[PDB]
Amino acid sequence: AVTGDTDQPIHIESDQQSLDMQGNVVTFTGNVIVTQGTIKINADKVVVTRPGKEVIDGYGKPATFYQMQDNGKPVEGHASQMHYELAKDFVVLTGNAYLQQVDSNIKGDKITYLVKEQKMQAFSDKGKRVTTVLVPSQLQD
């Protein structure tokens, strides 16, 4: 992750916005674009919660994720849902999830991504499988 993204303001943009004062849930619908530094999430619906520290959930067909790494190369991925826990800098993709790095990619039903640890995990549902491919250092863009 471009180190320092986390310390940036979270800019959201959408058509509609709903704000629920009791409960404290903010919703955005439309061409929802959420940006934080180089981080970019696109979804149809984005709901941000502050349980108790912010959490951001994105829903799309699919919801996309982008972020530049310290080396100038991007990380990209999509899934039915992007769960981003701001505090842990932890991104979870579920539902036909896909995540891509310059030297490797992963396809699965759930992909977790600890950004400030540079560690990714992927999981499959009963009857299904994870696909990982390591890109040879010469087929990399």
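Note that residue numbering follows the sequence shown and begins at 1.
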Inset, instruction - With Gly52 and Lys53 adjacent in the shown sequence, let me know how many deposited residues between them lack coordinates: none, 1 to 3, 4 to 9, or 10 or more. - result: 4 to 9
Inset, instruction - Quick one: say whether 90-98 or 23-31 has the higher mean Cα B-factor in the deposited entry. - result: 23-31
Inset, instruction - Pick between 57-65 and 43-51: the one whose mean CA B-factor in the entry is higher. - result: 43-51
Legend entry - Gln118 CA temperature factor, ranked by third within the chain: highest
Legend entry - For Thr132, the third of its chain into which the C-alpha B factor falls: lowest
Legend entry - For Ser14, the third of its chain into which the C-alpha B factor falls: highest
